[PDB]
Protein chains: 4
Amino acid sequence: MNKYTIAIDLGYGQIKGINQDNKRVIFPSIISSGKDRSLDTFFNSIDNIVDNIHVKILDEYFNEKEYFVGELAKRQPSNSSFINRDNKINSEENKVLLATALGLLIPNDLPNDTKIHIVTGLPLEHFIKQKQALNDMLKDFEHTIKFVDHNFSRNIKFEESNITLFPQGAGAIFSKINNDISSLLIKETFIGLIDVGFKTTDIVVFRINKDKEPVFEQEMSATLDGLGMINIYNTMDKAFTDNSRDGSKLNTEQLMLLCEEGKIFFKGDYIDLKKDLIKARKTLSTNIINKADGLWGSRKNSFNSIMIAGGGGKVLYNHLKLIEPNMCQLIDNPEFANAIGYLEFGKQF
Amino acid sequence: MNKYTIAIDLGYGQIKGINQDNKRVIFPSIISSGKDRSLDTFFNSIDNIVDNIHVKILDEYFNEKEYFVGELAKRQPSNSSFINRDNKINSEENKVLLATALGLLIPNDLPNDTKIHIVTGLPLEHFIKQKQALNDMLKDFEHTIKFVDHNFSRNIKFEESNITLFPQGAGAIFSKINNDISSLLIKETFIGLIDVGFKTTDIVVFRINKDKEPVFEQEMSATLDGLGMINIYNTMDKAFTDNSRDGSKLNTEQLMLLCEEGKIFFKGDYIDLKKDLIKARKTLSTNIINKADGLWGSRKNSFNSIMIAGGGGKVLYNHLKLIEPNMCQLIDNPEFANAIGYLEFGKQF
Amino acid sequence: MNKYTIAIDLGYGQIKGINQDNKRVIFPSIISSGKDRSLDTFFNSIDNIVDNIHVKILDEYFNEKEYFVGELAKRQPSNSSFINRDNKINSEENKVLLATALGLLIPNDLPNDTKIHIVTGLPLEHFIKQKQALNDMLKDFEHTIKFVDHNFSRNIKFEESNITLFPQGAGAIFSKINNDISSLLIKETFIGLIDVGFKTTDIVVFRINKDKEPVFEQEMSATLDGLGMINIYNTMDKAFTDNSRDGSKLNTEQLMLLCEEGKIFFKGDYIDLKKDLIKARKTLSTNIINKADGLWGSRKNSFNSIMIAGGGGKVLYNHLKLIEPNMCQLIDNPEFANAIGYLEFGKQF
Amino acid sequence: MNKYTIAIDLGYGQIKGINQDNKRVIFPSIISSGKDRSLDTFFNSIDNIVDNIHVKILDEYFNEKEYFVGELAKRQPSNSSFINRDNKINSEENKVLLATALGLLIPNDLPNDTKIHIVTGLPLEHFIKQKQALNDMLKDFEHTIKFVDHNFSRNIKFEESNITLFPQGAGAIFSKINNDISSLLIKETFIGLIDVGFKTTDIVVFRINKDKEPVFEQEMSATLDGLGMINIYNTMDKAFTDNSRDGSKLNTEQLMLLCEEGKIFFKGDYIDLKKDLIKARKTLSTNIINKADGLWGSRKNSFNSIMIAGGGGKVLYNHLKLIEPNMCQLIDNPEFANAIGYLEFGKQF
Ligand SMILES: Nc1ncnc2c1ncn2[C@@H]1O[C@H](COP(=O)(O)OP(=O)(O)O)[C@@H](O)[C@H]1O
Ligand SMILES: Nc1ncnc2c1ncn2[C@@H]1O[C@H](COP(=O)(O)OP(=O)(O)O)[C@@H](O)[C@H]1O
Ligand SMILES: Nc1ncnc2c1ncn2[C@@H]1O[C@H](COP(=O)(O)OP(=O)(O)O)[C@@H](O)[C@H]1O
Ligand SMILES: Nc1ncnc2c1ncn2[C@@H]1O[C@H](COP(=O)(O)OP(=O)(O)O)[C@@H](O)[C@H]1O
Ligand SMILES: [Mg+2]
Ligand SMILES: [Mg+2]
Ligand SMILES: [Mg+2]
Ligand SMILES: [Mg+2]
């Protein structure tokens, strides 16, 4: 039929989703208990729904749990701690976040026959490893969302021949840049996509064949498991605890505020940690270059375009240029590189 | 299980219907005899049934008749002339329109034990006049519809106590806004819907009381019978022959294409009649404003919200704004004001 | 490697085909039994195979048959009479023509693993009627062709999902001009191809929409079945016997030579029949114009570009101009309008 | 009859224009809100309507706004600030300046059944770069002007192919001197036209062939955006605060008074800035000495006669002579060179 499509991602740093109609949302993976918002309604109006997501989630048993979630929960000191957030794909923490972006990307008044061909993403070492667990949950995912301060609801339910599972970074270079660089890729060149994830960074390569079509190399491509931006939040956390000379610990919000700037305004003064920030990024820079060449022998010289993606690829790109300068480049929308890739390569159905 | 609900409208310009599950269809009120289609199927793929209603309808003899109806009938050279279309609500011209309106708005594989609360409509001055004529038709309406080139059939038959008649503009402002207009209605005010239709324009008012509940008045509210879009097509038909000066008179499509734009593509050229389109709309704007003061004395100053409706109100919303500017506003669906107004006020039972 | 593409036409006057590499062949639709040729080779050197198709064709018995086809068959006294030629698309008369059309349009030393997207054609009113007859023939067409005195052979066999049927005039104006006519089609206009062929004349229209995409109509478009060049040959055959007054009736060549010029070289003299050639063309011009008003009401004024096609349209382009002068124009290949229209609209897959 | 011809100039300094009847108007590009000049109507004679442009402008929804524009807007302190007027071609600010030029260049007793040809200009860089927007805005233009205090009006609207686009200063020497300078241009010489406008400055050249016919040279000719008379208002503005040292800034009127006079009468006394005036006048002349030679190497020696245009360079003619003295010259109407060059080369149609 005219059944719809929403491409989301389970990215532990920040959830990145897009519909079939190219409207796209982004919010961190932060949930909290939802509390009633009436006083703050009068001071500051909620124009951006994404900035202030308080929301209600009905279940199949017709109970409900309110949630400060996303940008709104990040302001809360009582949120989910998010730096030890569990990797379990069947967690209710994942259920709320998967219910969240669906509530923001289902348009108004769709026909219920026109269901949603949802497209997800799994890590490369986790795709075969954790396939049916998400297929268990998305089969069982049936709820009803209710937006606080916005007063619109969506019923949600998913079936087979609407669920569709792809690995992470699959359609990012299988399409939407493969349609463009096909004049440049000629014969048995290798394209290299490195999605710098928050927790885990994926490194995926495709070989173009005789027929200028991509074929996949699992023995040249894998996941930097635990290598990525989460170490920068981990190390720079310890870099303040000795520089403050107090044992003072920043919260979840200030740490995410830190590693975009490096200068947190602590007790009337900016504690400067620019020295360790350039150090830890170059610490992460070398940890990506060498470990990619654990999968890349002299075949690195068979590269035509080393592409990097993810939110972590943006702030590394100048230092992460040193994989192979003037051959490497950056994808256009680095965070949504999965999500735009999940859309077009999710249009196989 | 509970009984199903469909709210359609037999409006003279176009059939405007909606079901219980908030799915709506719209197509112009033109019928045509159906002819065999597999050839035009092959040239262009049919993704919309509404453009291409080739359809078979059984009767009391169980004899099928092929029909082109809706957009497909307008392109036919042999369709209904549509300017001399009958007002007899029990006519077969009204039956095939009502068959397709009930044919599209039923989903597949429903249980056959349940029945449907169908809610039709009448003109305001012709509700009492044409009450039993449609009551006789809906009791007589035993037909089985069969969509050619889509191949799904419906058995459409209704006994007593399932049909529900309302006048036009009845539940569009009594209901359908009552959850949102309740803060605007305060004490002894008049709300008013002005539906600009094909043959007629329709004026309906509702006095709200001290206890903030609307109640009807019939001497402030009537049907502008024969005054509507039909004065625009007949005037602009003469405007082409005044501008062609050849005796060439427009067909069914060319006149209907004209008053939507004003530039008929005649002999490789657009024949400009934008100014006469303004004049025919202004005389229609003359004949609704001056007739409103016939129904309204100083009580036009007793308004809190004028609403205008009809597809003819879409091109005239700023033009018919001169009744009471900065108080009149647009109904949220200009075509579907009557149908959803039939839906919410039909679910009151 | 990718699959090859050939677009031929089985037109009643002459086979008009073209391949993927834009090489075209044309020869009249006359077959003849082949006889041994080494003698006429010695008198005159053969630089054109099309004039001199002596050719052997294997079958399901793998039994070769010699054939003279094309220009070489027309000079034979014992060829097909060509006025009583069958319309049965699965006939061997159609097979040998289709064998040579596929025989010429394949270059030498192609890989045997790849297959060819062959695109044939049908009359418009006989597309649905003769759909499975050619589908049965193309599934049955297992033949090996062998060109005598040129000595290159082709193994021509096609399985399922390689043939592609289209009506005549389908892709000639839907495609083949769509990159150039897109600036001319603006809003709700009709383009029209008029192919003047041997047995029939063919009328096909396409309404463009508001979104500037053409869509087909079948009640404004049909096959002028039995009305075409065949009315000119039969009338001018009687025109010679009216002018010879001896009982001498023209043969296959003399009648075909006549209506191209009008002066058959009979007994050392040109017998003038130029005026009767004008009369037979004018009655054909009568029987396409008056039949056009049968398909077109005032919608002839809804044209932006008439196109005329067919080899019969070449001698009638200024003569059939009287439908709508200063708007009708000539297709860029009067013969090859259908074939390249099959080629571009066959490459859409 | 023949469709009426207009040629206007969209110059940001002052809007110029001339009609088919060769009557020409000029007024500054300043707008304001119109207010009821009825008190002064009793006091002083309102005869120069160009001095006194109070004007109402209807639209397609019949919602008018009053406008002081041009010379009457110069006396207003409430006018558009005009040092920061938007360079968008599709502004209402342009439309008010456009419609003012319309009703002044359409005299009474003319056939309004005949359409209106207009010939406008662009920046020479932006003639293709911002081409379609002016092509859109003129086709979108449909209003109705109302002349306050003079009580006549024009219906104002444009279809396509009545508007005509030629670049700034194109036809001023391509036409309008081509019947006179043909004796002067001999062989391989370059005529050169320099439009010293307010915001921008054009320099345009034409190679002539062997056959004494001009041809365009896009790489010896460009637009000097940010160079022109707006530098003189920019430089002398701070010179007043340099001279007065008060913190008082001149308004739009006093500043435009200053760079046409040089001696502002501030606070009961003439405050002198004549020394810095010529200093900027040499400086603007310096910036045209450079940038012309940036496109003119030794090919400047191949000239025959430079022309210069613009009201800015008109008072610069001695200092701007220094580029090529006694070969450069000034066009006779430095304001109306472009509009007559629009009109004369617009009289091809
Ligand atoms: N402007 C920015 N400044 C600093 N870090 C950023 C910025 N934008 C994104 N990031 C980092 O990138 C991460 C987002 O990665 P993302 O592409 O969402 O991968 P994942 O799919 O693993 O969540 C965040 O955790 C954040 O630290
Ligand atoms: N986009 C449009 N442009 C011009 N006219 C329109 C448009 N949409 C609707 N109309 C006019 O409105 C009429 C539809 O009125 P409608 O609300 O269906 O009333 P009714 O119930 O009497 O049929 C049509 O006949 C048509 O002329
Ligand atoms: N130069 C010509 N002079 C006269 N008649 C011609 C000429 N070229 C083509 N024709 C006529 O056009 C016919 C070819 O039509 P064609 O486009 O092949 O249609 P079809 O597809 O029906 O065979 C021939 O039978 C012939 O009579
Ligand atoms: N008599 C004058 N004295 C001083 N400056 C003048 C005079 N006449 C015109 N100008 C200057 O010339 C400019 C007019 O340029 P114009 O030819 O209209 O170019 P544009 O097409 O860019 O508006 C004005 O801004 C003004 O400063
Ligand atoms: Mg990721
Ligand atoms: Mg109605
Ligand atoms: Mg043909
Ligand atoms: Mg200028």
# chains A, B, ... in the order shown; residues from 1 in each chain; ligands from 1
$ select_by_dssp --residues "stretch 72-299 of chain B" --states "strand (DSSP E or B)" --output "VMD selection string"
chain B and resid 116 to 122 143 to 147 153 to 156 163 to 167 190 to 196 201 to 208 214 to 217 223 to 224 263 to 265 270 to 272
$ write_last_selection --atoms "C-alpha atoms" --output "PDB file, in the first residue's frame"
ATOM      1  CA  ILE B 116     -22.604   0.947   9.824  1.00  0.00           C
ATOM      2  CA  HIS B 117     -24.021   4.224  11.139  1.00  0.00           C
ATOM      3  CA  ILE B 118     -24.160   6.168   7.883  1.00  0.00           C
ATOM      4  CA  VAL B 119     -24.705   9.912   8.262  1.00  0.00           C
ATOM      5  CA  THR B 120     -25.796  11.848   5.179  1.00  0.00           C
ATOM      6  CA  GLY B 121     -26.828  15.465   4.729  1.00  0.00           C
ATOM      7  CA  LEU B 122     -29.414  17.776   3.218  1.00  0.00           C
ATOM      8  CA  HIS B 143     -26.342  -2.634  -4.028  1.00  0.00           C
ATOM      9  CA  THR B 144     -23.086  -4.553  -4.331  1.00  0.00           C
ATOM     10  CA  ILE B 145     -20.171  -2.496  -5.612  1.00  0.00           C
ATOM     11  CA  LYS B 146     -17.157  -3.935  -7.468  1.00  0.00           C
ATOM     12  CA  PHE B 147     -14.070  -1.834  -8.198  1.00  0.00           C
ATOM     13  CA  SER B 153     -16.105  -5.658  -3.449  1.00  0.00           C
ATOM     14  CA  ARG B 154     -18.519  -4.402  -0.804  1.00  0.00           C
ATOM     15  CA  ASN B 155     -22.047  -5.563   0.024  1.00  0.00           C
ATOM     16  CA  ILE B 156     -23.787  -2.297   0.906  1.00  0.00           C
ATOM     17  CA  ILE B 163     -29.201   5.960   8.767  1.00  0.00           C
ATOM     18  CA  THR B 164     -28.957   9.401  10.337  1.00  0.00           C
ATOM     19  CA  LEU B 165     -30.038  12.627   8.650  1.00  0.00           C
ATOM     20  CA  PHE B 166     -28.720  16.058   9.575  1.00  0.00           C
ATOM     21  CA  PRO B 167     -28.926  19.443   7.852  1.00  0.00           C
ATOM     22  CA  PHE B 190     -24.096  33.950  17.929  1.00  0.00           C
ATOM     23  CA  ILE B 191     -21.690  31.683  16.062  1.00  0.00           C
ATOM     24  CA  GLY B 192     -22.229  31.310  12.339  1.00  0.00           C
ATOM     25  CA  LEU B 193     -21.110  28.912   9.612  1.00  0.00           C
ATOM     26  CA  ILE B 194     -21.313  30.114   6.002  1.00  0.00           C
ATOM     27  CA  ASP B 195     -20.783  27.196   3.610  1.00  0.00           C
ATOM     28  CA  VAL B 196     -20.139  28.379   0.045  1.00  0.00           C
ATOM     29  CA  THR B 201     -24.718  28.923  -0.117  1.00  0.00           C
ATOM     30  CA  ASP B 202     -25.730  27.867   3.389  1.00  0.00           C
ATOM     31  CA  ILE B 203     -26.148  30.074   6.460  1.00  0.00           C
ATOM     32  CA  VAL B 204     -26.549  28.442   9.878  1.00  0.00           C
ATOM     33  CA  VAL B 205     -26.381  30.171  13.270  1.00  0.00           C
ATOM     34  CA  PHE B 206     -26.396  29.010  16.886  1.00  0.00           C
ATOM     35  CA  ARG B 207     -27.235  31.200  19.865  1.00  0.00           C
ATOM     36  CA  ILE B 208     -25.319  30.137  22.939  1.00  0.00           C
ATOM     37  CA  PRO B 214     -25.517  26.615  21.653  1.00  0.00           C
ATOM     38  CA  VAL B 215     -29.127  26.569  20.470  1.00  0.00           C
ATOM     39  CA  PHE B 216     -30.437  27.010  16.928  1.00  0.00           C
ATOM     40  CA  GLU B 217     -32.296  29.884  15.257  1.00  0.00           C
ATOM     41  CA  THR B 223     -30.097  28.450   2.491  1.00  0.00           C
ATOM     42  CA  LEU B 224     -29.068  30.935  -0.188  1.00  0.00           C
ATOM     43  CA  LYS B 263      -6.736  31.044 -18.029  1.00  0.00           C
ATOM     44  CA  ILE B 264      -8.137  28.291 -20.248  1.00  0.00           C
ATOM     45  CA  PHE B 265      -5.465  26.866 -22.569  1.00  0.00           C
ATOM     46  CA  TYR B 270      -4.135  31.055 -22.465  1.00  0.00           C
ATOM     47  CA  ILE B 271      -7.242  33.187 -22.967  1.00  0.00           C
ATOM     48  CA  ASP B 272      -7.144  35.648 -20.082  1.00  0.00           C
TER      49      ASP B 272
END
$ residues_around --residues "residue B:290" --least-positions-apart "6" --cutoff "12 Å" --atoms "only C-alpha atoms" --output "short mmCIF file (atom, residue, chain, number, x, y, z; two decimals) with C-alpha atoms, in the first residue's frame"
data_model
loop_
_atom_site.label_atom_id
_atom_site.label_comp_id
_atom_site.auth_asym_id
_atom_site.auth_seq_id
_atom_site.Cartn_x
_atom_site.Cartn_y
_atom_site.Cartn_z
CA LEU B 224 -29.07 30.93 -0.19
CA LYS B 282 -17.73 39.72 -6.32
CA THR B 283 -21.37 39.40 -7.38
CA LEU B 284 -21.41 36.19 -5.37
CA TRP B 296 -29.37 39.63 10.56
CA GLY B 297 -30.41 43.00 11.95
CA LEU B 320 -16.04 37.11 2.02
CA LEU B 322 -15.81 41.86 4.51
CA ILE B 323 -18.85 40.62 6.48
#
$ interface_residues --of "chain B" --to "chain A" --cutoff "9 Å" --atoms "only C-alpha atoms" --output "PyMOL selection string"
chain B and resi 21-23+47+107
$ select_by_dssp --residues "stretch 221-251 of chain D" --states "alpha helix (DSSP H)" --output "list in words"
residues 230, 231, 232, 233, 234, 235, 236, 237, 238, 239, 240, 241, 242, 243 and 244 of chain D
$ residues_near_ligand --ligand "ligand 2" --cutoff "9 Å" --atoms "only C-alpha atoms and all ligand atoms" --output "VMD selection string"
chain B and resid 9 to 16 26 to 29 123 168 195 to 202 228 to 230 232 to 233 256 to 261 309 to 315 334 to 338
